[PDB]
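See structure below.
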Amino acid sequence: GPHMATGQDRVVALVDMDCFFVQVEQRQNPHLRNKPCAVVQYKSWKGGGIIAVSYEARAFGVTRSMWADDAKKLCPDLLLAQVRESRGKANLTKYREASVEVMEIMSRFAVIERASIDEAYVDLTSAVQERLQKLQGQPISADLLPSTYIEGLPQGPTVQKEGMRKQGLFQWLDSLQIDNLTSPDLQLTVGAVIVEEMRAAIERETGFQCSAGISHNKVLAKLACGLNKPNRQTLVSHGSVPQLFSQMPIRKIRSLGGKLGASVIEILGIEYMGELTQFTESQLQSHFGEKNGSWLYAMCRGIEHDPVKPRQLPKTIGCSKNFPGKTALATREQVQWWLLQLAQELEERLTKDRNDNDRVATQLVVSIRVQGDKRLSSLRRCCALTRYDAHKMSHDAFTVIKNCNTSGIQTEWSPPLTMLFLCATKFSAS
DNA sequence: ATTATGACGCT
DNA sequence: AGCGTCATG
Ligand SMILES: [Mn+2]
Ligand SMILES: [Mn+2]
Ligand SMILES: [Mn+2]
């Protein structure tokens, strides 16, 4: 009762750019705006592999991981933009630079955690307390929440999307106790006001639209963000969790979409997040380990404590290329040439990073995949990264992997390599 | 022949 | 340190 911690001590938002790489390309080329369009890597094999899809194209069933030729079967008028190719490989610099644009705007409102190229968590707890003290106890107008959905509302005793959104928002605001600076629902509402402002700033200053979730923790904020896309934000209150989770497939919660979530389903004989509440913490720890078990016990009640880490920059800077089927690397000259291509891209990105961010990487990780291996990485080896020089990094990577060539001939490489990966890690301030 | 990233947990 | 999992623009 009075000592049951309810995990309502923070306001956390997740901001995620809508179909991000597509928006980057649509900003650059107005002919692609408000069209079914997708972003592809490469072109020769099956028209290229789609990695981002505008919402107009999604309506035709176009998805990521689809070959462009197949997408064109679903959507003959689909427009395509191709990722830049540099040194023989896809180069994602344009999207990384656009990401920095957005992250720098978000950082004006609060410290952020970069979770991906297109998304960041925000801890708004302090900004909410400030805005509440500024509000002097006056209530929150629906006009301050023009794109906000309140999950679970309207309910109880209009057939248009926007009409329903406004009905739910009015029910929410009507029930608010705007005199209590410690009410979690009020705190979330003010958080949503701030996120409206943040999203407006992003769109005004970049042209990019985003969606967002506002809740008491990272998992609920991410889940909330997905509920009303594109270009909308969703507030998931603590009180909304029992109904929300009662029909929520376990795989929808971040970290449960793979083998662990499948094992929760199979071992416990359940389907939905809410069904987890019927197990004790010890039962869940017995099946899934002490850490997972405690996390599941709290998560299915809407409670999670993972902090928004103060980190706007990536921890690693890496370069990767697959060599599938008949293009696998089977000679030493080939392996060396591609290691050099990767290392040259890595050098360029590292040198820019050192100038921008006042840090230097100190470890080089070299990863390969060998033909016949079912795993995505067949071997990982680290060595020292003491100089931002591509020829040195590629020679070092070759040295750490050369013992993998099972061939007796040193000119040939067997079995051929289907993946090279160079990653710079362990940054230090400089 | 999804491909190219990047974070994090385990031992 | 090296491996596996989870994520999916
Ligand atoms: Mn996105
Ligand atoms: Mn995202
Ligand atoms: Mn996505």
Side-chain angles (χ1 to χ4, degrees), chain A residues 16-25 38-54 63-71 81-86 89-96 98-99 102 113-121 208 218-219 222 226 251-263 288-292 295 306 309 311 313-328 342 345-346 349 363-369 371 373-384 400-401 418-426:
Chain A
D16 190 275
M17 312 303 300
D18 303 324
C19 50
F20 185 47
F21 288 18
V22 163
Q23 285 201 89
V24 174
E25 284 308 326
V39 173
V40 85
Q41 320 190 97
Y42 305 118
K43 177 82 31 169
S44 305
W45 191 274
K46 297 192 178 138
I50 292 179
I51 54 167
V53 185
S54 80
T63 68
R64 100 169 249 284
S65 306
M66 194 170 274
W67 297 113
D69 287 349
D70 298 332
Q82 284 185 80
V83 166
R84 175 192 183 123
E85 164 272 310
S86 300
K89 67 181 291 299
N91 189 297
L92 306 176
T93 299
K94 191 197 301 182
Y95 316 103
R96 290 190 185 98
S99 177
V102 171
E113 178 180 345
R114 182 209 200 258
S116 83
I117 199 163
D118 93 313
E119 79 207 74
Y121 294 93
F208 302 145
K218 292 165 66 175
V219 165
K222 180 59 176 178
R251 70 184 173 270
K252 301 305 183 175
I253 276 67
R254 208 207 327 131
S255 82
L256 302 182
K259 286 179 198 169
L260 176 61
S263 72
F288 312 113
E290 156 191 14
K291 170 159 262 273
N292 286 334
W295 182 87
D306 187 40
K309 301 162 133 214
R311 187 186 50 79
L313 309 172
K315 280 175 162 103
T316 59
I317 295 185
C319 292
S320 170
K321 187 168 178 33
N322 289 353
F323 303 93
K326 296 181 182 178
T327 195
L342 283 186
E345 179 186 332
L346 190 54
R349 284 164 65 190
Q363 191 174 76
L364 180 73
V365 175
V366 187
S367 180
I368 71 200
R369 196 192 169 171
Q371 194 165 71
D373 208 308
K374 49 259 120 8
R375 293 170 305 161
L376 269 101
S377 161
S378 294
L379 170 165
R380 256 169 290 181
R381 296 282 197 262
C382 74
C383 65
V400 306
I401 86 164
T418 52
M419 193 282 267
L420 301 175
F421 195 165
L422 296 180
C423 190
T425 68
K426 303 280 183 61

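Computed over heavy atoms, backbone and side chain alike; hydrogens, waters and symmetry mates excluded. By convention in this document, chain letters (A, B, ...) are assigned in the order of the sequence lines, proteins followed by strands, and residues within each chain are numbered from 1.
Distance noted for atom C1' between C/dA7 and B/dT3: 14 Å (whole Å). For the P atom pair drawn from C/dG9 and B/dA1, the interatomic distance equals 25 Å after rounding to whole Å.
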**OP:** Sugar-phosphate means primed atoms, P, OP1 and OP2; the rest is base. With that split, encode nucleotides 4-9 of chain C 5' to 3' as B, S or - using protein heavy atoms under 4.0 Å.
**Re:** BSSSBB

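Judged as a side-chain hydrogen bond (donor to acceptor under 3.5 Å, both in side chains), and not counting sequence neighbours, the contacts of A/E345 are A/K89, A/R349. A search for ring pair (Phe, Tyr, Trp, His ring centres under 6.0 Å) contacts involving A/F421 returns nothing, not counting sequence neighbours. Considering only residues two or more places apart in sequence or on other chains, A/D69 meets the side-chain hydrogen bond (donor to acceptor under 3.5 Å, both in side chains) condition with none of them. The salt bridge (charged side-chain N to carboxylate O under 4.0 Å, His left out) search around A/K94 returns A/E25, not counting sequence neighbours. The side-chain hydrogen bond (donor to acceptor under 3.5 Å, both in side chains) test applied to A/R381 returns no partner, not counting sequence neighbours. Scored by the ring pair (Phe, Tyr, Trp, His ring centres under 6.0 Å) test, A/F208 finds A/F20 as partners (sequence neighbours excluded). Take A/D18 and apply the side-chain hydrogen bond (donor to acceptor under 3.5 Å, both in side chains) test, not counting sequence neighbours, and it matches A/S211, A/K229.
Note on A/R369: nothing from the nucleic acid sits closer than 4.0 angstrom, heavy atoms only. A/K426 comes within 4.0 angstrom of no nucleic acid atom, judged by non-hydrogen atoms across all strands. If you check every strand for non-hydrogen atoms under 4.0 Å, A/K89 touches sugar and phosphate atoms only. Using a 4.0 Å heavy-atom distance criterion, A/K326 is classed as making no nucleic acid contact.
Interface limits on DNA chain B: the 5'-most and 3'-most nucleotides within less than 4.0 Å of chain A heavy atoms are B/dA1 to B/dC8.
With no hydrogens or angles considered, no side-chain donor-acceptor pair links A/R114 and A/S116 at under 3.5 Å.
Between A/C319 and A/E113, the one whose closest nucleotide on DNA chain B sits nearer the 5' end is A/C319.
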